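S.K.: Have a look at this one.
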Amino acid sequence: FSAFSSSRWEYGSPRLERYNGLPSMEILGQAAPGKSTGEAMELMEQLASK
Amino acid sequence: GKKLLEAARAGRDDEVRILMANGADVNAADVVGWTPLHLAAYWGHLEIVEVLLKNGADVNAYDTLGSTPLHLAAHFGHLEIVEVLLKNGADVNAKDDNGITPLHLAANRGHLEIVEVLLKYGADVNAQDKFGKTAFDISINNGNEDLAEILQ
Amino acid sequence: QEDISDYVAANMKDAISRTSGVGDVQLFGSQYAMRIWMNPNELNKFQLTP
């Protein structure tokens, strides 16, 4: 097998996710104490818009 | 201690400097023989390679198959880390267990800048791999005439 | 028109057909595909076939 093959080390994902037919990355969090979830998610949207 | 690997991965310059002030092994290898230089060149982290070079990092190291960080910085298009590793002193004609110099890697991906740099720094164009192929044949097969001319 | 068709199919058709209420989608085109056009002359030149 060494006669007709070359070998290398690469980096690749052992797990691939997809959301509604599109590739994706899942992210989990908690809104800090004394804060709602709607505002946390609004901040997440703001951060994502950039 | 061995946080240097996961730090060069995420690209943490301040933390790398901290841990190297604490006296962390700069040439700490992983199960595949890679060093923070390998990872910083695979993920394009120039600040970190500069730092590690300021602190005694072997730039001609080789993994369990014979790939120096030059192979990685050339097979990806890191035109600046190539120059850095070359200036700091790196074997520009290095070979792996398959007989492949960074010329072939920069040619297959069609990176002209890195090819010109390596040739300026003394890269043998008449090299041959375990199958007898050089960079010119690579350019021929890939149908890239710009590199084919640049190789003359 | 074929590039627009490819965009509509790859990026938009699935999301639409996977939408609430939609039951069918007819694309007025076709998504990309690697077409390989053969010439019998250039094949006989090399004694080849499809």
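The chains in the structure tokens are called A, B, ... from first to last as shown; in each chain the residues are counted from 1, and the ligands are counted from 1 in the order shown.
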I'd like the neighbourhood of residue B:31 as a short mmCIF file (atom, residue, chain, number, x, y, z; two decimals) with N, CA and C atoms, in the first residue's frame, where a residue qualifies if any of its atoms comes within 12 Å (using only C-alpha atoms), though same-chain residues fewer than 6 positions away should be ignored.

M.R.:
```
data_model
loop_
_atom_site.label_atom_id
_atom_site.label_comp_id
_atom_site.auth_asym_id
_atom_site.auth_seq_id
_atom_site.Cartn_x
_atom_site.Cartn_y
_atom_site.Cartn_z
N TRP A 9 -1.44 14.30 7.80
CA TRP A 9 -2.32 14.60 8.92
C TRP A 9 -3.10 15.87 8.60
N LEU B 5 -0.88 23.85 23.56
CA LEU B 5 -1.53 23.32 22.37
C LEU B 5 -2.93 23.91 22.21
N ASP B 63 6.54 15.89 12.37
CA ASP B 63 5.54 15.05 13.01
C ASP B 63 5.86 13.58 12.73
N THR B 64 4.91 12.70 13.04
CA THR B 64 5.12 11.27 12.83
C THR B 64 5.11 10.87 11.37
#
```

S.K.: Got a sec: who's within 10 Å of stretch 22-33 of chain C, counting only C-alpha atoms, leaving out chain neighbours fewer than 4 positions off, as a list in words?

M.R.: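 Here the answer would be residues 1, 2, 3, 4, 5, 6, 7, 8, 9, 10, 13, 14, 16, 17 and 18 of chain C.
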
S.K.: May I have the residues within 12 Å of residue B:97 as a list in words, using only C-alpha atoms and disregarding those fewer than 2 positions away in the same chain?

M.R.: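 The residues satisfying every condition are residues 2, 3, 5, 6, 7 and 8 of chain A; 62, 63, 64, 65, 66, 67, 68, 94, 95, 99, 100, 101, 129 and 130 of chain B.
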
S.K.: Store the residues of this selection in a file with C-alpha atoms, as a PDB file, in the first residue's frame.

M.R.:
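Listing of out.pdb after writing:
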```pdb
ATOM      1  CA  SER A   2       2.987   2.329   0.475  1.00  0.00           C
ATOM      2  CA  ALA A   3       3.885   2.150  -3.221  1.00  0.00           C
ATOM      3  CA  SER A   5      -0.286   6.056  -1.550  1.00  0.00           C
ATOM      4  CA  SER A   6       0.797   9.201   0.274  1.00  0.00           C
ATOM      5  CA  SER A   7      -0.154  10.057   3.847  1.00  0.00           C
ATOM      6  CA  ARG A   8      -0.782  13.298   5.712  1.00  0.00           C
TER       7      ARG A   8
ATOM      8  CA  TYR B  62       8.666  17.010  12.117  1.00  0.00           C
ATOM      9  CA  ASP B  63       5.541  15.050  13.014  1.00  0.00           C
ATOM     10  CA  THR B  64       5.117  11.271  12.833  1.00  0.00           C
ATOM     11  CA  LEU B  65       5.101  11.558   9.021  1.00  0.00           C
ATOM     12  CA  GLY B  66       7.731  14.231   8.363  1.00  0.00           C
ATOM     13  CA  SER B  67       5.817  17.508   7.961  1.00  0.00           C
ATOM     14  CA  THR B  68       7.391  20.728   9.195  1.00  0.00           C
ATOM     15  CA  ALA B  94      12.502  19.622   3.696  1.00  0.00           C
ATOM     16  CA  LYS B  95      10.892  16.280   2.861  1.00  0.00           C
ATOM     17  CA  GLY B  99       8.999  12.924  -0.409  1.00  0.00           C
ATOM     18  CA  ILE B 100       7.056  16.183  -0.663  1.00  0.00           C
ATOM     19  CA  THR B 101       8.503  19.669  -0.236  1.00  0.00           C
ATOM     20  CA  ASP B 129       8.533  12.769  -4.861  1.00  0.00           C
ATOM     21  CA  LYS B 130       8.046   9.041  -4.263  1.00  0.00           C
TER      22      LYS B 130
END
```

S.K.: In Å, with one decimal, what is the gap from atom CA of residue A:49 to atom CA of residue B:7?

M.R.: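 Straight-line distance from atom CA of residue A:49 to atom CA of residue B:7 works out to 27.4 Å.
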
S.K.: May I have a table of the residues of chain A lying at most 10 Å from chain C, giving each one's closest pair of atoms and their distance in Å to one decimal, counting only C-alpha atoms, ordered by chain and ascending residue number, as CSV?

M.R.:
```
residue,atom,partner,partner_atom,distance
A:20,CA,C:15,CA,7.3
A:21,CA,C:14,CA,7.6
A:22,CA,C:11,CA,9.0
```

S.K.: Output as a ChimeraX atom specification all residues of chain A that backbone DSSP marks as strand (DSSP E or B).

M.R.: /A:17-19,22-24

S.K.: Deliver the residues from the most recent selection as a file, using N, CA and C atoms, as a PDB file, in the first residue's frame.

M.R.:
```pdb
ATOM      1  N   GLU A  17     -23.354  19.078  12.389  1.00  0.00           N
ATOM      2  CA  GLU A  17     -24.759  19.360  12.612  1.00  0.00           C
ATOM      3  C   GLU A  17     -25.325  20.144  11.438  1.00  0.00           C
ATOM      4  N   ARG A  18     -26.643  20.071  11.294  1.00  0.00           N
ATOM      5  CA  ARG A  18     -27.350  20.811  10.263  1.00  0.00           C
ATOM      6  C   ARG A  18     -28.739  21.134  10.780  1.00  0.00           C
ATOM      7  N   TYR A  19     -29.198  22.348  10.496  1.00  0.00           N
ATOM      8  CA  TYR A  19     -30.505  22.828  10.927  1.00  0.00           C
ATOM      9  C   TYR A  19     -31.304  23.212   9.693  1.00  0.00           C
ATOM     10  N   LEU A  22     -29.415  23.087   6.299  1.00  0.00           N
ATOM     11  CA  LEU A  22     -28.238  23.923   6.203  1.00  0.00           C
ATOM     12  C   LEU A  22     -27.257  23.582   7.317  1.00  0.00           C
ATOM     13  N   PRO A  23     -25.951  23.636   7.053  1.00  0.00           N
ATOM     14  CA  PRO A  23     -24.985  23.409   8.129  1.00  0.00           C
ATOM     15  C   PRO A  23     -25.235  24.365   9.282  1.00  0.00           C
ATOM     16  N   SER A  24     -24.789  23.968  10.467  1.00  0.00           N
ATOM     17  CA  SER A  24     -25.117  24.751  11.646  1.00  0.00           C
ATOM     18  C   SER A  24     -24.149  24.448  12.775  1.00  0.00           C
TER      19      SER A  24
END
```

S.K.: Find, counting only C-alpha atoms, the residue in B:109, B:54, B:9, B:3 that gets nearest to chain A.

M.R.: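 Of B:109, B:54, B:9, B:3, the one nearest chain A is B:9, counting only C-alpha atoms.
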
S.K.: Quick one: everything within 12 Å of residue B:84, counting only C-alpha atoms, minus sequence neighbours fewer than 5 positions away in the same chain. Send it as an MDAnalysis selection string.

M.R.: chainID B and resid 37 41 45:54 59 69:70 73 78:79 89:90 114 117:118 121

S.K.: Atom CA of residue B:8 to atom CA of residue B:103: how many Å, to one decimal?

M.R.: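 A separation of 25.4 Å between them.
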